[PDB]
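Student: First the structure, then my questions, so here it is.
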Amino acid sequence: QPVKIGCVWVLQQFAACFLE
Amino acid sequence: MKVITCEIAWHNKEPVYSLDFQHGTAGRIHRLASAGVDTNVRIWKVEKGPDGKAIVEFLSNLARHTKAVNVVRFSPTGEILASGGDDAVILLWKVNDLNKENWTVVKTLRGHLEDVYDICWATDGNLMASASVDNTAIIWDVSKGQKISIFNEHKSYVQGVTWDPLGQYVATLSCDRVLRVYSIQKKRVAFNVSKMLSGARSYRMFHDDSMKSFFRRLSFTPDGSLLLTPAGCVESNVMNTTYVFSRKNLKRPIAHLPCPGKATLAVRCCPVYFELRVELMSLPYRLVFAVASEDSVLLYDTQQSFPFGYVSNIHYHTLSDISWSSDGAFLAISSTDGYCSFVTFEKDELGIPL
Amino acid sequence: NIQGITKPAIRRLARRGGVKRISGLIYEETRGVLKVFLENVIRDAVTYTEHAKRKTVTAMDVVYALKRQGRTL
Amino acid sequence: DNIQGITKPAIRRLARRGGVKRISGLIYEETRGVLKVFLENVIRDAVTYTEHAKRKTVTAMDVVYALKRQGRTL
Amino acid sequence: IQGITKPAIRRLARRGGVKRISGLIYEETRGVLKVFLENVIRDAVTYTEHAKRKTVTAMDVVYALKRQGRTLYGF
Amino acid sequence: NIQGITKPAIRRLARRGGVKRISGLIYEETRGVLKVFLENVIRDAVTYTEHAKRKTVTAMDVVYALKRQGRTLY
Amino acid sequence: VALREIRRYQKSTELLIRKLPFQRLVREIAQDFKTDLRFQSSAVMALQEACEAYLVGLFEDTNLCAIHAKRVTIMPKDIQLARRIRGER
Amino acid sequence: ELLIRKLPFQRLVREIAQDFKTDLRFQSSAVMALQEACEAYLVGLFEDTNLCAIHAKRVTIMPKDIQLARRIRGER
Amino acid sequence: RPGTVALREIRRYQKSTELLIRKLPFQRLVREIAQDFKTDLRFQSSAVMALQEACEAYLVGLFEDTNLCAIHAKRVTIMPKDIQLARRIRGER
Amino acid sequence: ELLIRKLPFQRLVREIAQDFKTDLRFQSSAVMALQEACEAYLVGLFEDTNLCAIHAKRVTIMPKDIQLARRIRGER
DNA sequence: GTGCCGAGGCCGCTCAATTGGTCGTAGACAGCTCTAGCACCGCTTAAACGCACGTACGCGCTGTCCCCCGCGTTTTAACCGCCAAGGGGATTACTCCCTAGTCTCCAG
DNA sequence: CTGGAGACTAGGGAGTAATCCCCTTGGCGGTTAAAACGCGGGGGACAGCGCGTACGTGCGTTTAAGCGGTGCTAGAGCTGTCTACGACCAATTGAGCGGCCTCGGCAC
């Protein structure tokens, strides 16, 4: 089964990165 | 959300490179256009099923382009269709009042030298901005259908041009690792963004030809306030990222959201503004937009720094293009494996529209 | 216009082309292909001048258009 | 030293489009010499053709005729 | 070169749309067969030495039909 | 036909051409290049004589053939 | 008498189309594109050379097709076939 | 679907490669890609030869028509 | 490893057609050779571009020929003797 | 002063002519001039392919040498 | 200036002499090819530099211009003898349809 | 690893199609009278190009220390070949019947 992620305002594992 | 991967071939299993949703549509059922290496642009009818699943209904096929088509776009009014291919020409299709609907060529925007990559539109509906492998961005008048402005300051292949919705500036990114932003009124380059400093050395903001994809389509905000640019690298080794700039200053990004591993290539914003549910720009409205990288799709909004949605492991090849729908209920993605995918959201899932 | 491409001129061009005898209406047709050629070789050539941001057509741009066509001379 | 304006990496790129791997350091002088000879042998013919036209300027068409005389028209 | 069969050329020409086929064309086709490859393969090796590999890839044919100006859709 | 250009003939031709030592397969590659050279000169000479309405082939046509090829010899 | 013309013309190289008619044809065909265009005399020379070379080659191969069909004359069918086989249309 | 047997074409490209240089192997995907390309080339040449034969109001193909189409195409 | 950069350069260049001998140094060289031949002579920009394209093609073709010459001599590196033999075998000088 | 045997080259050129167009006339002066042209071409090819061979520190001449000479001259 | 005519010039093919030219055999050995090891000399960033290169810009010269005209060579065009593109007819040639074998490349 | 049905080879059958000739009607090549547009050349300086310069800026060249792919150079190692010769062996000259198409010479 394919995996979808919907609208949230398990998602915590996919944070984008800055650079200091 | 829901994601449906089309297991049938749209362009005889050839890779799909461009999509667009009919912005002129004001209802719930949508019309889409797909461009493929089959030298054809196919207009399909996309509608959610009774269970909520997207259904694709073929409507028409356009074979006027001599060679493979790279970029296809619609006008803001939805009545004017611009198709770009490997023939270095732009075909203008209008309503003609195996195909179910009829499309007719009205204008032939000759004046491109090399492969065309990205086609940009104007809010007034009277202006074209187009980018090609000719290292040049060409600006045209619809009422005359002839070339009126030329920007040949790119030293390498141009893969994206975006027009400001307010109608003052235009942003072009080429393969020379240079971001050139021009004043449309002055018809001269105004801003150059190629090098950026972290912490105190300065390195290139963008990265060279190792992309396996053919598009670097950066986007303007529908309100024009922000510029979102993919295919960036940040030295933290280097990691892939997408940079955010504001109209206040176009030279330096305070924030970039990274995609370690594969590099982001296409970005597209929804035409529907939502009420507010770290923030890049602070106004009581918000906008939802999405970026297609090599093998994943990310979905952000105005406020959240981290992605609102993350969808991965769908296609077997590099994703080519992403296109939002008129009402925001559909998000069409195409890869270079010959098949496409759709992201469908329930009513007001992204938020409450303004 | 096209009638500048003169019938004895096509005669002599065919003679250098090695044609012994020309049918009477080839003249009414060959000029046609000339347009089909010209409306291409000129067509991109001017854009090249537009691409070089000059409004004068030059022999180098024409040679480039021929190179794209594949009949360089 | 005007002929020396044709840099070493320029000749190296010339070689790369020629389809080679290792360029010897002794070839730069020889390639500069042959290039100056070729430019001389084409410029003389172009100049004679332009003077035949009684013009004070040689245009892009004249050098094409000179190359046609040489045998590598382009 | 005899591996290219007579029925192969026959149904090739039939797909081409012809009705009647001679005999002397057959070997002739083999001729125009090999010379075609007799160019393409060289470019392949002209790329394979460039590729520094011993087994050719799918990019070699793409570049071959790009050089000859006869690019073909499909794989 | 071609076998009239015998091995010792090409041997003495090579000796007067300046090469001291000769291999085996040149004996056939030289016949091949001789055929390729003769085909063009014969074709163009035939065309010129057809232009002149001559079943014969005047030596003037032959020297003009060489001039078209570039190896003129009276 | 014709063979004399073919010989004496294949001998020479000078331009065949009259200068001014070709120049005015080029200018008129550029007018429909966009006005206010400047063409150097060298550019018109290049156009004349290209057009004459194209027609020389096309008439050579149409004569080829005609001699194929056992006809000394060349007909429009020859022009269409030499255009299609070459890939023009 | 293809109308040329895989093994004869494979062995002929192998021997021509050996004539070029030894130990130049071939992989399957390249083999079918080249076979498809040669398929299209030959079928196009045969279509042009059909047209040329139609010109001479004889439906049958003659050996020359092939060479005439070749030399018009500017191959040799 | 050494060599891969050369292959990447070949891929970048053979596909491409841009300029390698830089415009201004070639203009200077052409002007100097013109002054050597006869003074007070003017070279159009398109004329210099055409001349530089002819120069480009001549040198790339002769370097391809000298590549064939070096490959025949069973060595990848070129040398001036290869260039001399390529010129003589071409009958130029 | 010629080294290609005269009788054999005359028959060879007649047989070449019969391939192009049958019933063709060849005179002694034309055949002698053709012999001179062929001898000049072959002597030039042998001399400069000898140079190409001595380039590779070899004294003999193999087919690759003549092939390279012809390829460089532009005849292939 | 051109048509007829004579006369040589390749034909084309034998019919032989002897005659220089070519082929095949034997192999000692000069040389192609291979192998290996050395030094040496082209590929690689760091840092300096430096010079293409772009953009504007005052100054200036060579594309150039249409009008007449000078003329004048070439194009239009109608007449007309004459070659040839073509339909039809008869003739000879060469692939369809099994028939059978077979064979071998693909499949379990 | 072993098996067997779709595909390649020859052939009878003849039948459809390529080939060559027969007016034959049409239409395409001289040709002459001319004129008419083409080639050419002379100005005006208005308005447009390339030259040349200043600035910057930064992409690209330049040097060096550095190392390793590679030229080549010495030493086998096997191998075709140019030596001499002895056989064939095509064959040049010396003559022809017999000609016919061509090219220079001559006369009207």
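Labels used: A, B, ... for chains in the order of the structure tokens, numbers from 1 for residues in each chain, and numbers from 1 for ligands as shown.
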If you count only C-alpha atoms (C1' of nucleotides), which residues fall within 12 Å of residue 5 in chain I, apart from same-chain ones fewer than 4 positions away, as an MDAnalysis selection string?
Tutor: (chainID D and resid 16 21:22) or (chainID E and resid 50:51) or (chainID I and resid 1 9:12) or (chainID K and resid 43:44)
Student: Taking 6 positions as the minimum chain separation for residues in the same chain, which residues sit within 8 Å of range 36-38 of chain B when counting only C-alpha atoms (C1' of nucleotides)? Answer as an MDAnalysis selection string.
Tutor: (chainID B and resid 11:12 14:18 67:70) or (chainID E and resid 73)
Student: With N, CA and C atoms kept, could you save the residues just selected as a PDB file, in the first residue's frame?
Tutor:
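part06.pdb was written with the following content:
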ATOM      1  N   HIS B  11       1.379   9.008 -22.418  1.00  0.00           N
ATOM      2  CA  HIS B  11       1.971   9.386 -23.696  1.00  0.00           C
ATOM      3  C   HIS B  11       2.740   8.218 -24.300  1.00  0.00           C
ATOM      4  N   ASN B  12       2.113   7.040 -24.327  1.00  0.00           N
ATOM      5  CA  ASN B  12       2.727   5.819 -24.850  1.00  0.00           C
ATOM      6  C   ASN B  12       4.012   5.483 -24.091  1.00  0.00           C
ATOM      7  N   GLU B  14       6.094   7.173 -22.691  1.00  0.00           N
ATOM      8  CA  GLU B  14       7.178   8.137 -22.733  1.00  0.00           C
ATOM      9  C   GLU B  14       7.094   9.088 -21.540  1.00  0.00           C
ATOM     10  N   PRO B  15       8.235   9.605 -21.084  1.00  0.00           N
ATOM     11  CA  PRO B  15       8.233  10.476 -19.901  1.00  0.00           C
ATOM     12  C   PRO B  15       7.366  11.712 -20.093  1.00  0.00           C
ATOM     13  N   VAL B  16       6.728  12.138 -19.004  1.00  0.00           N
ATOM     14  CA  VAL B  16       5.891  13.333 -18.983  1.00  0.00           C
ATOM     15  C   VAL B  16       6.681  14.456 -18.328  1.00  0.00           C
ATOM     16  N   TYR B  17       6.670  15.633 -18.954  1.00  0.00           N
ATOM     17  CA  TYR B  17       7.544  16.727 -18.563  1.00  0.00           C
ATOM     18  C   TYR B  17       6.820  17.955 -18.027  1.00  0.00           C
ATOM     19  N   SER B  18       5.541  18.146 -18.348  1.00  0.00           N
ATOM     20  CA  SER B  18       4.856  19.366 -17.942  1.00  0.00           C
ATOM     21  C   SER B  18       3.379  19.095 -17.692  1.00  0.00           C
ATOM     22  N   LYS B  67       8.494  18.214 -32.529  1.00  0.00           N
ATOM     23  CA  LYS B  67       9.305  17.332 -31.700  1.00  0.00           C
ATOM     24  C   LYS B  67       8.765  17.281 -30.276  1.00  0.00           C
ATOM     25  N   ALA B  68       9.532  16.685 -29.363  1.00  0.00           N
ATOM     26  CA  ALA B  68       9.072  16.490 -27.996  1.00  0.00           C
ATOM     27  C   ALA B  68       8.744  17.820 -27.329  1.00  0.00           C
ATOM     28  N   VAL B  69       7.688  17.821 -26.524  1.00  0.00           N
ATOM     29  CA  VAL B  69       7.232  19.019 -25.830  1.00  0.00           C
ATOM     30  C   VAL B  69       7.784  19.016 -24.412  1.00  0.00           C
ATOM     31  N   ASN B  70       8.255  20.177 -23.959  1.00  0.00           N
ATOM     32  CA  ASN B  70       8.898  20.309 -22.658  1.00  0.00           C
ATOM     33  C   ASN B  70       8.037  21.031 -21.632  1.00  0.00           C
TER      34      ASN B  70
ATOM     35  N   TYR E  73      12.244   7.264 -31.364  1.00  0.00           N
ATOM     36  CA  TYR E  73      11.492   7.148 -30.125  1.00  0.00           C
ATOM     37  C   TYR E  73      11.401   5.692 -29.678  1.00  0.00           C
TER      38      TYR E  73
END
Student: Which residue out of I:46, I:67, I:4, I:16 has the minimum interatomic distance to residue 59 in chain D when only C-alpha atoms are used?
Tutor: I:46
Student: Name all residues at most 9 Å from residue 28 in chain D (count only C-alpha atoms (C1' of nucleotides); drop same-chain ones fewer than 2 positions away) and give them as a short mmCIF file (atom, residue, chain, number, x, y, z; two decimals) with N, CA, C and O atoms, in the first residue's frame.
Tutor:
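After the write, selection07.cif holds the following:
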data_model
loop_
_atom_site.label_atom_id
_atom_site.label_comp_id
_atom_site.auth_asym_id
_atom_site.auth_seq_id
_atom_site.Cartn_x
_atom_site.Cartn_y
_atom_site.Cartn_z
N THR D 7 45.70 31.34 -25.05
CA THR D 7 46.21 30.78 -23.81
C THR D 7 46.40 29.27 -23.92
O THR D 7 45.89 28.62 -24.83
N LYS D 8 47.14 28.73 -22.96
CA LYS D 8 47.32 27.28 -22.88
C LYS D 8 46.01 26.54 -22.62
O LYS D 8 45.71 25.59 -23.37
N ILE D 11 43.92 26.27 -25.81
CA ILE D 11 44.37 25.19 -26.69
C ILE D 11 43.98 23.84 -26.10
O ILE D 11 43.64 22.91 -26.83
N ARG D 12 44.00 23.72 -24.77
CA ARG D 12 43.60 22.46 -24.15
C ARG D 12 42.14 22.15 -24.42
O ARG D 12 41.78 21.00 -24.74
N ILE D 23 47.62 16.15 -23.41
CA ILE D 23 48.29 17.09 -24.30
C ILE D 23 49.69 17.36 -23.78
O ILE D 23 49.87 17.76 -22.63
N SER D 24 50.69 17.14 -24.63
CA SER D 24 52.07 17.39 -24.23
C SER D 24 52.34 18.89 -24.14
O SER D 24 51.79 19.69 -24.90
N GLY D 25 53.21 19.26 -23.20
CA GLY D 25 53.54 20.66 -23.01
C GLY D 25 54.31 21.28 -24.15
O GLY D 25 54.38 22.51 -24.25
N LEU D 26 54.91 20.45 -25.01
CA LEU D 26 55.67 20.96 -26.14
C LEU D 26 54.81 21.27 -27.36
O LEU D 26 55.34 21.79 -28.35
N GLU D 30 53.97 24.73 -31.21
CA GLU D 30 53.72 24.24 -32.56
C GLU D 30 52.30 24.57 -33.01
O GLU D 30 52.09 24.96 -34.17
N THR D 31 51.32 24.43 -32.12
CA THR D 31 49.95 24.74 -32.51
C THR D 31 49.77 26.24 -32.71
O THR D 31 49.03 26.66 -33.60
N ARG D 32 50.47 27.06 -31.93
CA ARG D 32 50.43 28.50 -32.17
C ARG D 32 51.02 28.84 -33.52
O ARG D 32 50.49 29.68 -34.25
N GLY D 33 52.13 28.19 -33.88
CA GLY D 33 52.74 28.45 -35.18
C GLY D 33 51.84 28.06 -36.34
O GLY D 33 51.66 28.84 -37.28
N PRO I 80 54.52 17.17 -30.59
CA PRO I 80 54.68 18.01 -31.78
C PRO I 80 54.98 17.22 -33.04
O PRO I 80 54.61 17.67 -34.14
#
Student: For chain H, which residue out of G:36, G:14, G:28, G:60 is the nearest one, using only C-alpha atoms?
Tutor: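 Nearest candidate to chain H out of G:36, G:14, G:28, G:60: G:60.
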Student: Go through chain E and flag each residue having an atom no more than 9 Å from chain L; for those, report the closest pair of atoms plus their distance in Å to one decimal, using only C-alpha atoms (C1' of nucleotides), ordered by chain and rising number, as JSON lines.
Tutor:
{"residue": "E:5", "atom": "CA", "partner": "L:8", "partner_atom": "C1'", "distance": 7.6}
{"residue": "E:6", "atom": "CA", "partner": "L:8", "partner_atom": "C1'", "distance": 8.4}
{"residue": "E:7", "atom": "CA", "partner": "L:8", "partner_atom": "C1'", "distance": 8.1}
{"residue": "E:20", "atom": "CA", "partner": "L:17", "partner_atom": "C1'", "distance": 8.5}
Student: Next, the residues of the selection above should be written as a PDB file, in the first residue's frame with N, CA and C atoms.
Tutor:
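Result written to out_25.pdb:
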ATOM      1  N   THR E   5      17.470 -12.799 -42.352  1.00  0.00           N
ATOM      2  CA  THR E   5      16.791 -13.758 -43.206  1.00  0.00           C
ATOM      3  C   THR E   5      16.066 -13.061 -44.353  1.00  0.00           C
ATOM      4  N   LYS E   6      15.821 -13.830 -45.412  1.00  0.00           N
ATOM      5  CA  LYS E   6      14.991 -13.336 -46.509  1.00  0.00           C
ATOM      6  C   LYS E   6      13.579 -12.986 -46.056  1.00  0.00           C
ATOM      7  N   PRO E   7      12.876 -13.814 -45.273  1.00  0.00           N
ATOM      8  CA  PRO E   7      11.565 -13.375 -44.767  1.00  0.00           C
ATOM      9  C   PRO E   7      11.639 -12.126 -43.912  1.00  0.00           C
ATOM     10  N   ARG E  20       5.627  -5.838 -54.411  1.00  0.00           N
ATOM     11  CA  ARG E  20       6.509  -6.740 -55.137  1.00  0.00           C
ATOM     12  C   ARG E  20       7.954  -6.402 -54.804  1.00  0.00           C
TER      13      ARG E  20
END
Student: Which residues are near residue 56 in chain L? Cut-off 12 Å, only C-alpha atoms (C1' of nucleotides), ignore same chain within fewer than 5 positions. Put them as a PyMOL selection string.
Tutor: chain K and resi 51+53-55
Student: Could you list the residues in chain E lying within 12 Å of chain D, using only C-alpha atoms, and format the result as a ChimeraX atom specification?
Tutor: /E:43,46-47,49-50,52
Student: Produce a file of the selected residues containing N, CA and C atoms, as a PDB file, in the first residue's frame.
Tutor:
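Saved file selection_10.pdb follows:
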ATOM      1  N   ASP E  43      31.149   5.407 -33.716  1.00  0.00           N
ATOM      2  CA  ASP E  43      30.834   6.423 -32.720  1.00  0.00           C
ATOM      3  C   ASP E  43      30.707   5.785 -31.347  1.00  0.00           C
ATOM      4  N   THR E  46      34.006   5.252 -30.405  1.00  0.00           N
ATOM      5  CA  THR E  46      34.505   6.602 -30.170  1.00  0.00           C
ATOM      6  C   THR E  46      33.973   7.163 -28.864  1.00  0.00           C
ATOM      7  N   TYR E  47      32.847   6.639 -28.385  1.00  0.00           N
ATOM      8  CA  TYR E  47      32.374   6.939 -27.044  1.00  0.00           C
ATOM      9  C   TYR E  47      32.816   5.903 -26.023  1.00  0.00           C
ATOM     10  N   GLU E  49      35.653   4.136 -25.790  1.00  0.00           N
ATOM     11  CA  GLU E  49      36.966   4.561 -25.318  1.00  0.00           C
ATOM     12  C   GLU E  49      36.840   5.818 -24.469  1.00  0.00           C
ATOM     13  N   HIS E  50      35.942   6.723 -24.859  1.00  0.00           N
ATOM     14  CA  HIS E  50      35.599   7.847 -23.995  1.00  0.00           C
ATOM     15  C   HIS E  50      34.947   7.357 -22.708  1.00  0.00           C
ATOM     16  N   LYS E  52      35.499   4.490 -21.381  1.00  0.00           N
ATOM     17  CA  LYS E  52      36.478   3.633 -20.708  1.00  0.00           C
ATOM     18  C   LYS E  52      35.836   2.365 -20.153  1.00  0.00           C
TER      19      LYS E  52
END
Student: Counting only C-alpha atoms, give me one row per residue of chain E with an atom at most 12 Å from an atom of chain B, showing the shortest contact pair and its distance in Å to one decimal, sorted by chain then residue number, as JSON lines.
Tutor:
{"residue": "E:71", "atom": "CA", "partner": "B:67", "partner_atom": "CA", "distance": 10.8}
{"residue": "E:72", "atom": "CA", "partner": "B:38", "partner_atom": "CA", "distance": 10.7}
{"residue": "E:73", "atom": "CA", "partner": "B:38", "partner_atom": "CA", "distance": 7.6}
{"residue": "E:74", "atom": "CA", "partner": "B:14", "partner_atom": "CA", "distance": 7.5}
{"residue": "E:75", "atom": "CA", "partner": "B:14", "partner_atom": "CA", "distance": 9.5}
Student: Write out as a ChimeraX atom specification the set of residues from chain I that DSSP, computed on the backbone, places in helix (DSSP H, G or I).
Tutor: /I:4-15,23-37,45-72,80-89
Student: Neighbouring residues of range 31-40 of chain C were defined as those with any atom within 8 Å, considering only C-alpha atoms (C1' of nucleotides); residues of the same chain fewer than 6 positions away were excluded. Please report them as JSON, numbers by chain.
Tutor: {"C": [2, 5], "G": [26, 29, 51]}
Student: Write out as a ChimeraX atom specification each polymer residue whose atoms come within 9 Å of residue 70 in chain D, counting only C-alpha atoms (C1' of nucleotides); drop sequence neighbours fewer than 4 positions from it.
Tutor: /D:41-42,65-66
Student: Within 9 Å of range 30-42 of chain H, counting only C-alpha atoms (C1' of nucleotides), which residues qualify if same-chain residues fewer than 3 places away don't, as a count of residues only?
Tutor: 33
Student: One number please: CA of residue 152 in chain B to CA of residue 31 in chain I, in Å, one decimal.
Tutor: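 According to the coordinates, CA of residue 152 in chain B and CA of residue 31 in chain I are separated by 27.5 Å.
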Student: If we count only C-alpha atoms, which residues of chain A reach to within 7 Å of chain B? Please list them as a list in words.
Tutor: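 Per the criterion, chain A yields residues 4, 5, 6, 7, 8, 9, 15, 16, 17, 18, 19 and 20 of chain A.
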Student: Using only C-alpha atoms (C1' of nucleotides), which of the listed residues (H:72, H:65, H:60, H:22) sits closest to chain K?
Tutor: H:60
Student: Just give me the gap between CA of residue 23 in chain J and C1' of residue 94 in chain L in Å, one decimal is fine.
Tutor: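 Atom-to-atom, CA of residue 23 in chain J to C1' of residue 94 in chain L, that is 28.9 Å.
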Student: Give one line per residue of chain B that approaches chain C to at most 8 Å, naming the two atoms of the closest pair and their distance in Å to one decimal, counting only C-alpha atoms; sort by chain then ascending residue number and deliver it as a tab-separated table.
Tutor:
residue	atom	partner	partner_atom	distance
B:111	CA	C:47	CA	5.3
B:112	CA	C:47	CA	7.4
B:113	CA	C:44	CA	7.5
B:136	CA	C:51	CA	7.7
B:150	CA	C:51	CA	7.0
B:152	CA	C:51	CA	7.0
Student: Take the residues just selected and output them with N, CA and C atoms as an mmCIF file, in the first residue's frame.
Tutor:
data_model
loop_
_atom_site.group_PDB
_atom_site.id
_atom_site.type_symbol
_atom_site.label_atom_id
_atom_site.label_comp_id
_atom_site.auth_asym_id
_atom_site.auth_seq_id
_atom_site.Cartn_x
_atom_site.Cartn_y
_atom_site.Cartn_z
ATOM 1 N N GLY B 111 10.983 32.584 -32.676
ATOM 2 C CA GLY B 111 12.004 33.474 -32.160
ATOM 3 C C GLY B 111 12.837 32.868 -31.050
ATOM 4 N N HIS B 112 12.686 31.567 -30.830
ATOM 5 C CA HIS B 112 13.545 30.819 -29.928
ATOM 6 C C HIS B 112 14.573 30.034 -30.733
ATOM 7 N N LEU B 113 15.783 29.937 -30.189
ATOM 8 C CA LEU B 113 16.888 29.289 -30.882
ATOM 9 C C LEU B 113 17.117 27.849 -30.457
ATOM 10 N N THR B 136 18.731 32.671 -22.967
ATOM 11 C CA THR B 136 18.021 33.922 -23.181
ATOM 12 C C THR B 136 16.593 33.802 -22.667
ATOM 13 N N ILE B 150 14.246 41.063 -25.016
ATOM 14 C CA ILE B 150 15.196 39.956 -24.994
ATOM 15 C C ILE B 150 16.222 40.208 -23.897
ATOM 16 N N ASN B 152 19.639 38.448 -22.742
ATOM 17 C CA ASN B 152 20.648 37.466 -23.122
ATOM 18 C C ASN B 152 21.865 37.496 -22.199
#
Student: L:80, L:50, L:99, L:75: which is nearest chain I, counting only C-alpha atoms (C1' of nucleotides)?
Tutor: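 Using only C-alpha atoms (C1' of nucleotides), chain I sits closest to L:50.
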Student: I need the chain B residues near chain K as an mmCIF file with C-alpha atoms, in the first residue's frame; criterion: at most 12 Å, counting only C-alpha atoms (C1' of nucleotides).
Tutor:
data_model
loop_
_atom_site.group_PDB
_atom_site.id
_atom_site.type_symbol
_atom_site.label_atom_id
_atom_site.label_comp_id
_atom_site.auth_asym_id
_atom_site.auth_seq_id
_atom_site.Cartn_x
_atom_site.Cartn_y
_atom_site.Cartn_z
ATOM 1 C CA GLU B 153 22.749 37.873 -19.957
ATOM 2 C CA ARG B 188 17.693 45.786 -17.784
ATOM 3 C CA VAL B 189 19.063 43.443 -15.133
#
